[PDB]
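Visitor: This structure is in structure tokens; I'll ask about it shortly.
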Ligand SMILES: [Cl-]
Ligand SMILES: [Cl-]
Ligand SMILES: [Cl-]
Ligand SMILES: [Cl-]
Ligand SMILES: [Cl-]
Ligand SMILES: [Cl-]
Ligand SMILES: [Cl-]
Ligand SMILES: [Cl-]
Ligand code: NA
Ligand code: NA
Ligand code: NA
Ligand code: NA
Ligand code: NA
Ligand code: NA
Ligand code: NA
Ligand code: NA
Ligand code: NA
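Protein chains in written order, with the deposited numbering: chain A, 5 to 182; chain B, 5 to 182; chain C, 5 to 182; chain D, 5 to 182.
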């Protein structure tokens with residue numbers, strides 16, 4: 005029995021390019037987390053309490069997704085490498101603009117997973133494509149969700165009354181098409 | 005065992021300046037109470053039933069805070085001196101203007117406590133700073149709350165529809181960022 | 005009514021030095037969080053599942069403490085400024101060495117709060133000293149806790165059997181003197 | 005409607021190489037089962053009752069996994085071919101050595117599935133890759149589990165006290181990082 009780079013028994017070696025890609029993806033999700041935290045603060049600063057609560061939860065959920073990846077590396081007997089985290093964006097001119105960045109962030113998170121997925125396929129790492137499959141499924145749901153929130157906010161067309169209505173929807177947990 | 009000015013056994017004498025400051029602070033909170041009553045009436049007069057209910061409760065709560073201070077003086081064996089209460093403001097041009105006065109009233113209430121706090125520190129009255137600590141903590145929450153209500157009302161920008169939505173929020177007990 | 009730097013109604017201006025100190029303290033706690041995450045990974049890599057679970061929870065709790073500070077700034081109508089997060093330490097020669105760093109991290113977190121506290125006292129910011137008081141109280145408990153965990157691990161003197169026993173204690177939630 | 009080789013209606017023909025690979029994989033899992041039975045006996049012979057119980061359950065679970073594959077062949081209207089089963093290994097010099105073989109057995113089971121998976125991809129048999137996906141997911145968990153058990157036993161470094169502690173963990177059902 006061989007030992008992996010993190011010292012645990014090694015079921016199957018991992019290509020160093022694939023390892024690096026996963027470690028960077030973990031950074032992407034950690035960065036998405038602090039971005040959603042930044043977005044929650046922006047919403048709180050404008051009394052959009054429902055949006056604040058929503059993004060506070062998204063930040064915690066994205067961090068969980070990141071930790072889920074660190075557990076996979078542990079499971080594969082690979083080393084983790086927790087990286088420097090950039091500061092998030094913190095200023096937006098409108099809620100519509102914030103939601104556009106949020107949607108883009110979710111889509112970019114999926115692109116990162118897709119990048120890791122294709123590397124794993126090239127390396128015939130079937131453990132990793134299997135591991136990623138449900139995360140892609142969740143990303144589809146999140147993209148559908150954030151398209152819904154962005155589109156609904158854009159439909160409001162900057163009217164405060166409509167944005168207060170949506171804010172209250174979010175506070176109630178009405179965050180998807182359902 | 006010595007007797008305090010109110011006739012009870014005296015654990016520790018209180019500086020007369022500090023006593024006067026507390027007695028005046030009690031007046032401040034009694035005045036905040038009748039102000040919130042005035043504000044509840046203004047809201048009722050305009051069918052803003054949620055705001056009416058909110059301010060009716062604030063008036064009762066502020067009175068309780070005032071009585072809490074009278075109990076402290078009793079506990080310190082100091083005399084109370086319930087003072088003349090000025091008439092409150094009773095006219096505003098808009099709900100936004102009313103909420104501005106309400107926010108200012110809460111902040112001014114905190115300033116009064118801060119004034120008492122600094123006097124107690126000068127007099128090394130640790131009973132009094134300890135007694136005031138949780139009241140300052142509550143004031144932070146109230147300031148955060150009234151900033152939320154004021155900001156949300158200002159966001160409405162005088163639109164009746166938005167103000168009816170917020171009114172209904174208040175009736176439901178949705179009065180903070182949460 | 006004046007507006008604070010984050011745009012909300014301003015109950016009382018905050019000195020920019022104090023603001024900066026709080027913003028940096030938020031970074032300290034965010035850094036403590038990712039450090040505990042790093043520590044949880046190290047423990048998982050060595051099959052110390054109880055220590056892994058403990059530090060996984062500490063990481064989430066420290067993040068919550070950080071967010072609690074961001075809410076205070078919101079409450080004070082001050083701007084947040086979420087900063088770059090350094091990479092954590094990730095390598096230790098022994099569990100005893102890891103626990104030493106963990107203890108030091110908790111103590112350094114308290115020192116940071118103490119630094120903010122003294123600045124607030126200089127500025128007579130009683131809202132902030134009151135806000136910090138329960139956090140200092142929690143830090144005392146955490147320091148007592150981490151002294152217990154470190155001392156118990158040191159008592160084991162590197163014996164694997166003893167460390168497995170303690171590991172199982174941690175998995176069960178036995179993490180303090182009780 | 006055509007009939008498959010086992011006589012049932014045939015939804016889609018299967019390449020004979022892929023069929024043979026699955027039939028041999030069934031043998032692999034049947035062999036893993038009897039190996040874990042052998043391992044349970046070795047542990048029972050040395051009064052390691054927790055390890056005995058663990059491996060007794062693993063043997064039954066591995067047999068279930070094997071039968072799950074036979075059901076897939078039935079579902080695909082393909083013939084099963086239950087093969088001669090070799091005798092398992094039955095002697096080890098230490099629990100650490102036994103656990104090394106167990107870990108290797110789990111990893112080799114995954115390699116067999118990976119081999120079948122790649123054959124199915126070459127044959128564009130999407131039913132089979134889909135069928136295998138959750139089994140690969142389970143194998144990741146089992147590899148993580150057996151790395152944990154092996155690493156924990158190795159950490160004990162042959163000390164009977166530590167091995168008794170771990171034995172009791174296994175009897176309680178504490179068999180993973182959790
Ligand atoms: Cl908008
Ligand atoms: Cl951006
Ligand atoms: Cl208005
Ligand atoms: Cl006025
Ligand atoms: Cl140690
Ligand atoms: Cl260090
Ligand atoms: Cl051994
Ligand atoms: Cl062998
Ligand atoms: Na902001
Ligand atoms: Na980054
Ligand atoms: Na009136
Ligand atoms: Na008065
Ligand atoms: Na490590
Ligand atoms: Na940092
Ligand atoms: Na204090
Ligand atoms: Na035997
Ligand atoms: Na065989």
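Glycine included, C-beta positions come from ideal geometry on N, C-alpha and C.
Taking only heavy atoms of ligand 6 into account, decide whether any of them is closer than 6 Å to the Cβ of residue 113 of chain C.
Guide: Not so, every heavy atom of ligand 6 lies at least 6 Å from the Cβ.
Visitor: So is residue 168 of chain A in contact with chain B if we call contact Cβ pairs under 7 Å?
Guide: Output row for residue 168 of chain A: interface = yes.
Visitor: If the cut-off is 7 Å on Cβ atoms, which residues from the stretch 107-140 of chain D count as contacting chain A, listed in chain order?
Guide: From the stretch 107-140 of chain D, only 107, 108, 111, 114, 118, 121, 122, 137 and 140 have a Cβ closer than 7 Å to chain A.
Visitor: Could you check whether the Cβ of residue 32 of chain D sits closer than 7 Å to any Cβ belonging to chain A?
Guide: Chain A contact via Cβ: absent.
Visitor: Look at the Cβ atom of residue 114 of chain C, then the Cβ atom of residue 143 of chain C, and state whether they are nearer than 7 Å.
Guide: Contact flag set, yes.
Visitor: Measure the Cβ-Cβ separation of residue 91 of chain A and residue 28 of chain C and say whether it is below 7 Å.
Guide: Not a contact, by the Cβ cut-off of 7 Å.
Visitor: Name the DSSP bridge partner or partners of residue 13 of chain C?
Guide: According to DSSP, residue 13 of chain C bridges with C:7.
Visitor: Relative to the C-alpha of residue 176 of chain C, which residue among C:118, C:138, C:160 and C:52 is closest?
Guide: When only C-alpha atoms are compared, the closest one is C:52.
Visitor: Roughly how many angstroms lie between the CA atoms of residue 46 of chain B and residue 43 of chain C, to the nearest whole one?
Guide: Their Cα atoms are separated by approximately 58 Å.
Visitor: How about residue 45 of chain B: is its C-beta nearer than 7 Å to some C-beta of chain C?
Guide: No, no contact with chain C.
Visitor: Tell me, which residues are paired with residue 89 of chain C by DSSP?
Guide: Its beta-bridge partners are A:89.
Visitor: So residue 68 of chain D is in the alpha helix (DSSP H); what residue range does that whole segment cover?
Guide: Where residue 68 of chain D is concerned, the enclosing alpha helix (DSSP H) stretches over 53-79.
Visitor: Which of helix, strand or coil does DSSP assign to residue 127 of chain D?
Guide: Here residue 127 of chain D sits in coil by DSSP.
Visitor: Is any non-hydrogen atom of ligand 14 found closer than 6 Å to the C-beta of residue 85 of chain C, if you look at the structure I gave you?
Guide: No.
Visitor: Between which two residues does the alpha helix (DSSP H) harbouring residue 46 of chain D extend?
Guide: Counting along the chain, the alpha helix (DSSP H) containing residue 46 of chain D begins and ends at 20-49.
Visitor: Classify residue 159 of chain C: buried if its beta carbon has 16 or more other beta carbons within 10 angstroms, exposed otherwise.
Guide: Exposed: under 16 other Cβ atoms inside 10 Å.
Visitor: If you measure from each CB to the nearest heavy atom of ligand 11 and keep those under 6 Å, what residues do you get, in chain order?
Guide: Those residues are B:45, B:46, B:49, B:94 and B:95, given in chain order.
Visitor: Between residue 181 of chain B and the rest of its own chain, which residues show a CB-CB distance below 6 Å, the 5 nearest in sequence each way excluded?
Guide: Same-chain partners within the cutoff: 152.
Visitor: My assumption, with CB atoms under 8 Å, is that residue 156 of chain B sits in contact with residue 140 of chain B. Please give the rounded CB distance.
Guide: With a Cβ gap of about 25 Å, residue 156 of chain B and residue 140 of chain B do not count as contacting.
Visitor: Which term fits residue 49 of chain C, buried or exposed, when burial requires 16 or more other beta carbons within 10 angstroms of its beta carbon?
Guide: Classification for residue 49 of chain C: buried.
Visitor: In whole angstroms, what separates the C-alpha of residue 107 of chain A from that of residue 95 of chain A?
Guide: Straight-line Cα distance between these residues: approximately 16 Å.
Visitor: Is residue 8 of chain B closer than 7 Å to residue 81 of chain B when the C-beta atoms are compared?
Guide: The answer is yes: Cβ separation under 7 Å.
Visitor: Does any C-beta atom of chain C lie closer than 7 Å to the C-beta of residue 172 of chain D?
Guide: Chain C contact via Cβ: absent.
Visitor: Hey, residue 83 of chain B and residue 10 of chain B are a contact pair by Cβ (cut 8 Å); roughly how many whole angstroms apart?
Guide: Residue 83 of chain B to residue 10 of chain B, Cβ: 5 Å. Contact.
Visitor: Let me confirm a value: residue 133 of chain A is counted as buried when at least 16 other C-beta atoms fall within 10 Å, else exposed. Which label applies?
Guide: Buried, since its Cβ has 16 or more Cβ neighbours within 10 Å.
Visitor: What I want to know is whether the C-beta of residue 41 of chain A ends up closer than 6 Å to one or more non-hydrogen atoms of ligand 14.
Guide: No; taking the cut-off as 6 Å, the Cβ of residue 41 of chain A has no heavy atom of ligand 14 nearer than that.
Visitor: Does any CB atom of chain A fall closer than 7 Å to the CB of residue 11 of chain C?
Guide: So, interface residue.
Visitor: Listing by chain order, which chain C residues have their CB less than 8 Å from the CB of residue 148 of chain B?
Guide: Chain C residues near residue 148 of chain B: 78 and 79.
Visitor: Output needed in chain order: residues of the stretch 85-101 of chain A with a Cβ under 8 Å from some Cβ in chain C.
Guide: Listed by position, the residues of the stretch 85-101 of chain A near chain C (Cβ gap below 8 Å) are 85, 86, 87, 88, 89, 90, 91, 92 and 94.
Visitor: Taking the alpha carbon of residue 85 of chain D as the reference point, which residue from D:172, D:32 and D:103 has its own alpha carbon closest?
Guide: Nearest C-alpha to residue 85 of chain D: D:32.
Visitor: Could you check if residue 68 of chain A belongs to the surroundings of ligand 12, using beta carbon to heavy atom distance under 6 Å?
Guide: Checking every heavy atom of ligand 12 against the Cβ of residue 68 of chain A, none is found closer than 6 Å.
Visitor: Identify whether residue 181 of chain C lies in helix, strand or coil by the three-state DSSP scheme.
Guide: In this structure, residue 181 of chain C counts as coil in the three-state DSSP scheme.
Visitor: For the alpha helix (DSSP H) holding residue 166 of chain D, just list the boundary residues, first then last.
Guide: That run of the alpha helix (DSSP H) goes 164-175.
Visitor: Counting only the same chain and skipping the five closest in sequence on each side, list residues whose C-beta sits under 7 Å from that of residue 59 of chain A.
Guide: Cβ neighbours of residue 59 of chain A beyond the five flanking positions: 40, 43, 44 and 47.
Visitor: Using a Cβ-Cβ cut-off of 7 Å, state whether residue 164 of chain A counts as contacting chain B.
Guide: True, the Cβ-Cβ gap to chain B drops below 7 Å.
Visitor: Look up residue 97 of chain C in the DSSP assignment and say whether it is helix, strand or coil.
Guide: Here residue 97 of chain C sits in coil by DSSP.
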